[PDB]
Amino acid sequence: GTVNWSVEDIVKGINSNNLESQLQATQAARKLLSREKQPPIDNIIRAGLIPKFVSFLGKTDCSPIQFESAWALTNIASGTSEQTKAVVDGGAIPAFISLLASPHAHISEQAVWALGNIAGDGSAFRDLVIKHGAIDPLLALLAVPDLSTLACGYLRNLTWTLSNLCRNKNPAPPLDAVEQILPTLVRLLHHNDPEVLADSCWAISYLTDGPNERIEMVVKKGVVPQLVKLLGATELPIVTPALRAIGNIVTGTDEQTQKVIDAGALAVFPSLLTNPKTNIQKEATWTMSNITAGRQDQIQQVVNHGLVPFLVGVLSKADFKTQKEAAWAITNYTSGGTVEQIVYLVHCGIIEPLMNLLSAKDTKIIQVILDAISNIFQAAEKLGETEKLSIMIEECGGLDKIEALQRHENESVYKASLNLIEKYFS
């Protein structure tokens, strides 16, 4: 019917002076462009069809050709940045924003989708979509008393498009647009659909990825408790962005971090630090490292929740990227901790896995570990126990590793290892 047309035939139909012929050819293009196997996007662009599709978006009197053109353009804009740019260059942004008000839900939804692809291209097109006024009509589509009366697919596509308006940095989204979107995001974060939850979590994770003033705008909306609840979900597509957002938040101030602790986040970390997905373990250990970079009373909460043995665990056995994050967690803990906290750390068994990791090729982790060792010796000095520690490091092979590190290409490694040996192993 409209299946498997050539681009030449599509062009002949769209260039006819016959609206129904144009509609049939546009539908044929839509079908070509929605085939999984190598849709001929560049041929359609080269044939000059984007401006015709864009003008069809304005044909209020023929809603089927609005829909077919919107779909075709959606799939072109889903391609490379140069393909998305061809759509933008054809004037698509304001035409799609005008379609957001369509009385036909499948057309408004297609416009939502196209704008999500355009904005998802990167900061510049995101910001251009915002400048053409997309946020007001997008948010109006969600101004219903109960989100559950909306079609599920429709709500998921709106949530995803909103998340692309929150995505990307250099620059981050405009502050005023973030403040305009955030109350709707907060509402979507309490909706009962797993895809809506995952994508509104991702949006929050984007918005907390930056300076502490962005973190603050999010935390002030009171979402940390809901994020902690989602952190405890069974669905990995929800836990993943929830954990990224929580981790981002604890990169901020001591007070921002404290909101995460206050909300009960630490009780989830026995599972996260042993999670079967390596990326979850890595990001949870990164998060812990930012918490152990906090105040002594926050380190103490880590202790109270039983998480130091879990850190020992990941230092002992985990993917190497996770072990690096654990090494950071230990260096921060030893930098900021009380003497009693550092003693506890040693009694949980940190020394041996810490030493075993000095045989690693990564220079930065060696530096991190040597700083931690030095911090621990400084705690031992205040107790006159430097000798017991030296013995402990000797019994597990750590002295050999420090010696060998003296002969290390990097300067900081050589210096720190030589200082350690001369000061505690001579």
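The first residue of the sequence shown is number 1, and the count goes up from there.
Between the stretches 178-186 and 328-336, it is 328-336 that shows the larger average CA temperature factor. Between 28-36 and 395-403, the higher mean Cα B-factor belongs to 395-403. Comparing the listed residues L307, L141, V250, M355, the entry records the largest Cα B-factor for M355. Ranked within its chain, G58 lands in the highest third, by CA B factor from the PDB record.
Per the PDB record, residue ranking by Cα B-factor puts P173 in the lowest third of the chain. The PDB entry assigns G222 a C-alpha temperature factor belonging to the highest third of its chain's modelled residues. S21: CA B factor lies in the lowest third for its chain, per the PDB record.
For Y154, the recorded CA B-factor ranks within the middle third of the chain. Only modelled residues enter the ranking.
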